[PDB]
Amino acid sequence: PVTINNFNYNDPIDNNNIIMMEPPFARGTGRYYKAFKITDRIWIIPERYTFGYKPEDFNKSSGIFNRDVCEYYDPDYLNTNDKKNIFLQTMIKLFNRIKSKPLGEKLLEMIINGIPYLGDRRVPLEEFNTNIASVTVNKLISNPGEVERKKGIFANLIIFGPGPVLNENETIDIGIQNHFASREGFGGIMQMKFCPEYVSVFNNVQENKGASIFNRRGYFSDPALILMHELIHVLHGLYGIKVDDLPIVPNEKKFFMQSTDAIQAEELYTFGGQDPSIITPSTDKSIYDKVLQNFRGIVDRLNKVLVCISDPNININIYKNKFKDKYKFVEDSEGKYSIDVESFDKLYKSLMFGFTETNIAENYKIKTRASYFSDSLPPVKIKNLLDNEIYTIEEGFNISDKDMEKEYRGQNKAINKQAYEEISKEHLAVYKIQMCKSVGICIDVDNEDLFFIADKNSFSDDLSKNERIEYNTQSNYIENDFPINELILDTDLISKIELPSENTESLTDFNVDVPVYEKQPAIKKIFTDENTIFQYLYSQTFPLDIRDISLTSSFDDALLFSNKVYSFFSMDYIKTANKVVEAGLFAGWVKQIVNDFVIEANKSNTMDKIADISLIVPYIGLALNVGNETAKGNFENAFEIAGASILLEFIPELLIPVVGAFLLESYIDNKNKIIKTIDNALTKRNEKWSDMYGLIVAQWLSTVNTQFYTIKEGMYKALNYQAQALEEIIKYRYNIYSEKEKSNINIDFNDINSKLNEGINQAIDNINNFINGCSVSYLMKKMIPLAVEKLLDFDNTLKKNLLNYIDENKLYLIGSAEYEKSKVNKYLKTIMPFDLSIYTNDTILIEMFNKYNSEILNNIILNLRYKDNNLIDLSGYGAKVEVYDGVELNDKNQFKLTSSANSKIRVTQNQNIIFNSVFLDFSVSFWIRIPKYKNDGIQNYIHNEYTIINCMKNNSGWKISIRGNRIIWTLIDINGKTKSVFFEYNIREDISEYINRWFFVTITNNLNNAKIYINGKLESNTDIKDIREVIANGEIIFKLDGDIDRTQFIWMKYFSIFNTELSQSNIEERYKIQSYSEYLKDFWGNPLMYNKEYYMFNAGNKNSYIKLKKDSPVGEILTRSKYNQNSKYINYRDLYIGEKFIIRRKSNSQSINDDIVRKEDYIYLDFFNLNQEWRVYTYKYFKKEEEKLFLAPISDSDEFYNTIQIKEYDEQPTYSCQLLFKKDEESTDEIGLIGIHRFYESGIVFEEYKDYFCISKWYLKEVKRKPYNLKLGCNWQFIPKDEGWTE
Ligand SMILES: [Zn+2]
Ligand SMILES: [Zn+2]
């Protein structure tokens, strides 16, 4: 167990537990410091740390020491004995809190027992030397007034009070002659500058600080955790594993980049969580190797140590026994020490991945920041840690007896206000970047607010080096993970070996390197005329001396006038916000504008399913103008085109090394060693793939996800600036009224802020999801594929390398050279799927990833869409698309393939996507419109099959072809085996649902079947179990290829490919999404138009048509004529028959050219009666359920309704539409719907029933029924002449 000593600052010096110490950096000169032994080998010196600092630097100045910290200065801290005593008692309390749990007590025990090796690199291997500044420190025994008498002591840690900056805690190691014992396996006395009262503050982006922007937000740190973070650094230094290696350095070439010190892997390991993932596997191993090497040196020393020249009283055996336990070396029955790989591995992982801030925080139930790379905030002062009502050893601030245990409420700034005090900004110094324009106006931006973008030099290029393979050679993976549970239950973790006595010979060689620090300017001026995120956010603020502002959508005006504030919300929102009303209408106006704010903010949940984008926050570009000028034009469109990439402030240059070649070792005659080499190179190959992915993840996290983090913080600030502006306006307008008026105004400012704040929180959740999705998108589509390219290349090189090796050994391999030759083929055949969980166990990140992978739309690997009279791939995988001159394109995303040789599209797919899942798993979906057969060309139509889409590579692939009325899907595996599935529509139907009409096709392939779906319905199925590997990523050629008629053509739309099998549910949904439109459609499925001649079709009376009756103003209903020739293969009813109708628009007298008919439009239904245009009317005064419609010349009669409202009552896809007669646009009095009715006629000569073009109220209730009745007589379709249909 660990004993924490007790004492008061004024207690007498006893030369044992309370001494007068001579600090290492004092170089054995100057005065001593009263020090207190809080525990064995650990000392507390309650005084400011002054080594390397100038006296005046303890005062706040125009300078700063660290560019990424809001530095608090206070030269009076610890300036009285009572202050010193408070420091002591507080440290005692923190140590008690630390040991209050197993994890912490073990951290302390490891630190107490991790005594520094007696010596360093300059010491002979056969000796212990205690006479060096990193091992021995002196204490003054003599009387006060002379250094006459001193005594030496061994020590592990010396904790001082803070340096100039109170909130800048730091652990320092001792260097001598440019080297550090704590970095070379020996370990050495560690020092620390620490402050328990002024703690750091943080806030989670993906979360919310008690959902209160108007209230204080964020959480303050538990000083016990801050202390344990530093203790972890001490631990590393004591075990001599605080090694340096390739650091993460920030790119600082652009003005928007954040500047900071290089970050060592040891720092990221100490924090834990996701940060270790920013350290690539290559570097993880480099560090591992360096430490192991450090330990080999120590173990050899233990085998060679014979004497201690500096202190004859040192018992060699005791130290050899202690160091053996410290480093976990093993010892044979003779006394020979050696390294036990298993024990070293466990110790290393325990020290680097077990004891971490994140792991300890979780164990002690203390909240901390999400990552090392997260904006730092201004610190706060803790009022009284010594007050058990505010802070306890058992629970810290999160005291259950105060219901502050749940959700870390004790650390919540908005909640536990009695626990802290804000800091005077006058004592704070922050490094700012002054962005000046070439004129002039200047904006100050805190360095913390900028973009942290790791420089390419941050990553190791070790993957480019050659690797020698041997029967020995084994895989090398370092799991940046360690089960904290076992560490806590490790029976032999903590040493049970005697701790040597601390007294020793006084130090006489005070040689040591003392760091020298100095402030740098707190403001750096840079010049740029750019108006990016910083400028846009600034335009949303106003000075403190101003109280009357007005919102504006003009960014430039906002920057120009102090009373003008920029808003990225709607034009309507802005106008309403600046509206001034009378006291009597003020309350109403407040409810209105606040409600509008919520609505505007809520637009963050906008969907864009037609573009295959489930979520889009449309106003982000207007809000920040981040990345590639996202404020100009329409953001949604720009995002559909370029995706996540447009939001990035900078596109990183990735390090993706050409993997080094393998050198296999030969073993002639030795059948085994040769086979082993083959197998080792294979398993090693997988290590390269994994290591490569690791390199990608590290770069994504430190160059890309960091940028997206800044965008999220920016949006949080933007939304708050918007709410603050509105609150300012509301206050101003309210305060213009007199006190008498105010009394009668019903307003609650707390509720206002409550509703605004809630709207913000909802928007933040949406924005967080949107941005995280973008980040993962970039990783998967813009990073991973580039790594796959190199890994695939590597595989090929290694493939020929292995086979060739199997040849040169052909003899020594006898009857197996072939078995292990295919062994290579089948191994290098299957590639390693990328799984982020392998490189990190951060819940937030893993969840982001899993979310992304659960969205079927991310399985889209090809999505050809129209943009600027051209077809391009919007899948994000960058397929190259060449559309040749013979292809016709329109903005309705329709494209036509004709019989011309140049009517072709060439698509070159991305070869770096896991498409070939080995068992064949993918889908193709598209809309198509196939013209009707030519009546005198029916033989060739039914006989000649022609390809329309062909995708082959090495004689393997797939293709879509057509033979008359049949569409065919064909697969051809690597062997040449073939399988087909097809859908054939009938060509003898009176009225067909498919011939020359747009319909939706979807083909899915899995291990077992090949299925064809038509309009969401499964139509065909073919077992493709026997079919082997199918190469599907060759060039896709869209072109009619076969013995076709020169008049043959095909229309297509929305062609897309999924690298997964779509479910019937996914397909149904896609069908409905792509079928959706604000406008009605014609019979062929094209947009319905005004001023276009159409024959009319009735879904409830298919074979009937309308004809103006000869002697009367009515529409008689007749039977359609039919195909008359004698072919046995075809039959149909004529479609171009009956009156030629034409839809005219009612509103806006913009003439009668042409235009799109939209649902709910008011129209006139006319038709041509020879050289005249007649109209369809309804006699106003009928009392029966229905009546015959009145067809006559155009005119305006008081007795007839002439206005029709075109409707769509069906909620499901249909080309049918309905026609409604209402008393007038405004009223809700429905006359009825246009349909067909049967009448009985009995005259002098004829008796029979006849149908007429009518209007009936009966349809009004029927169209409400579910499912929609498609057979209703009020369902009409408009048929215009079309080249795809001849009769
Ligand atoms: Zn640290
Ligand atoms: Zn940062």
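Numbers in chain A come straight from Swiss-Prot, and the residues shown are 2-440, 444-1291, in order.
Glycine is treated like the rest: Cβ placed from N, Cα and C.
Some features that Swiss-Prot has for this protein:
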- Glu231: active site (ACT_SITE)
- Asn1025, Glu1189, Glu1190: ganglioside GT1b (d18:1(4E)) binding site (BINDING)
- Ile1240, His1241: D-galactose binding site (BINDING)
- 481-532: region 'Belt' (REGION)
- 858-1079: region 'N-terminus of receptor binding domain (N-RBD)' (REGION)
- 1080-1291: region 'C-terminus of receptor binding domain (C-RBD)' (REGION)
- 1260-1263: motif 'Host ganglioside-binding motif' (MOTIF)
Query: Between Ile1240 (D-galactose binding site) and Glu1190 (ganglioside GT1b (d18:1(4E)) binding site), what is the CA-CA distance rounded to a whole number of Å?
result: 10
Query: Cα within 10 Å of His1241 (D-galactose binding site): which of the recorded positions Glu231, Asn1025, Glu1189 qualify?
result: none
Message: Under a three-state reading of DSSP, tell me whether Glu1189 (ganglioside GT1b (d18:1(4E)) binding site) is helix, strand or coil.
response: coil
Statement: The rounded CA-CA distance in Å from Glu1190 (ganglioside GT1b (d18:1(4E)) binding site) to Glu231 (active site) is 88
- request: Compute the C-alpha separation of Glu231 (active site) from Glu1189 (ganglioside GT1b (d18:1(4E)) binding site), stating it in Å without decimals.
  value: 88
Query: Here are the binding-site residues: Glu1189, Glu1190. Which has the lowest count of other Cβ atoms within 10 Å?
result: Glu1189
Query: Do you have the Cα distance in Å for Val440 and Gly444? The stretch of 3 residues between them isn't modelled.
result: 4
Task: For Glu231 (active site), just count the other CB atoms lying within 10 A of its CB, please.
output: 20
Statement: For the residue listed as 'active site', the three-state DSSP class is helix
- prompt: Under 8 Å Cβ-Cβ from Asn1025 (ganglioside GT1b (d18:1(4E)) binding site), six or more apart in the same chain: what's there?
  reply: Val985, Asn1013, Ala1014, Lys1015, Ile1016
Statement: Record-annotated ganglioside GT1b (d18:1(4E)) contacts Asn1025, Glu1189, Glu1190; largest Cα to Cα distance in whole Å is 49
Statement: One finds that other Cβ atoms within 10 Å of the Cβ of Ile1240 (D-galactose binding site) number exactly 20
